[PDB]
Structure formats: structure tokens, C-alpha cells
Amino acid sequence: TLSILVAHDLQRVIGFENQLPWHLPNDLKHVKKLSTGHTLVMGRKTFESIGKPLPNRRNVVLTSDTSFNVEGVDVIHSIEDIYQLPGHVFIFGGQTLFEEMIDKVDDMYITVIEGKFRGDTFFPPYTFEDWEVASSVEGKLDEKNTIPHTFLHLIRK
């Protein structure tokens, strides 16, 4: 079972200067809830941004660097390694990985950030011609969570 897990804004921005462009604690809860007890696959830059492996799941980082051997983290050096990994695997980011995997995965858990941010990295265009909406849930707003956002589960038609 292979999934994409991603938050993108109205113009498919995912990233600025190796950080998330937005502060949205709710979305990272959304992320914790989905991925706890399974597997993330991420590119090296995304891991560096995060700076340590997420607790209570398997962290796998895809990189060319053969001297990568970080405690708590498993390394892979090819895309094709992903399909070996057992269980529910979430493609975690960033741009490069989403590009390489979007045609490959079963389904996508998307947070649409209902806003327009300055970005330097993007989720690739996609159509709902190709993707069925299994669920669409409004994120709830409050003092800490102030950008409107929608949780999509899409399944490849």
C-alpha cells in the first residue's frame, strides 16, 4: 500500500527555503495521526529540514550519498527500493519525490492550504479526472490554526 502525503496551497506551493511556508499545527497532527506506526519515505533535503527522524514510525531517506548512515533512519539509494518496503508507506516529500512517485502511488492524502504563499517548491499538477475523492473534510479554524484548509483523500481512478 503506497500513499502520497502532502500539504499544498492554492497554487500547489509546498515549500519555501527548505521550510513549510505556513504554520498550521493542525496539519502536522493530521500527519502524525496518519503515519504513526507505518513508514515515511522522504528526500534528503526534507529530512535535513526536519532534522531528526519522526518518532514512532519508520523513517526512510532517499539519497545518493553513500556516507549517509544516520541513527534512527534507514537509507535507500534508488526509487525502486521503495516497493520493497513492507506495510503502509507514505511518500513524504519533497518536490523531487512527489514528481517521481505521483504516477506510482495508490492514493494521496492531501491538505489543500486555502491560501496563496510565496514558494520555491511545488507539488506537480494533477487532475481529478485521474483521482476520485474518497473524502473531503474541512479543517476547523481557531487561534492556533488560522488558515483554512481541506483534508482530501484521493484514490486513483
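Residue indices: 1-based, along the sequence shown.
A.B. asks: As stated in the PDB record, which stretch has the larger average Cα B-factor, 125 to 133 or 108 to 116?
C.D. replies: According to the entry, 125 to 133 carries the higher average C-alpha B-factor.
A.B. asks: Output the stretch having the higher mean C-alpha B factor in the entry; the candidates are 65 to 73 and 40 to 48.
C.D. replies: Mean C-alpha B-factor is greater for 65 to 73.
A.B. asks: Consider only the C-alpha atoms of the modelled residues in this chain, order them by B-factor as the entry records it, and name the third containing residue 139: lowest, middle or highest.
C.D. replies: Highest third of the chain for residue 139's C-alpha B-factor.
A.B. asks: For residue 145, does the deposited CA B-factor place it in the lowest, middle or highest third of the chain?
C.D. replies: Highest third.
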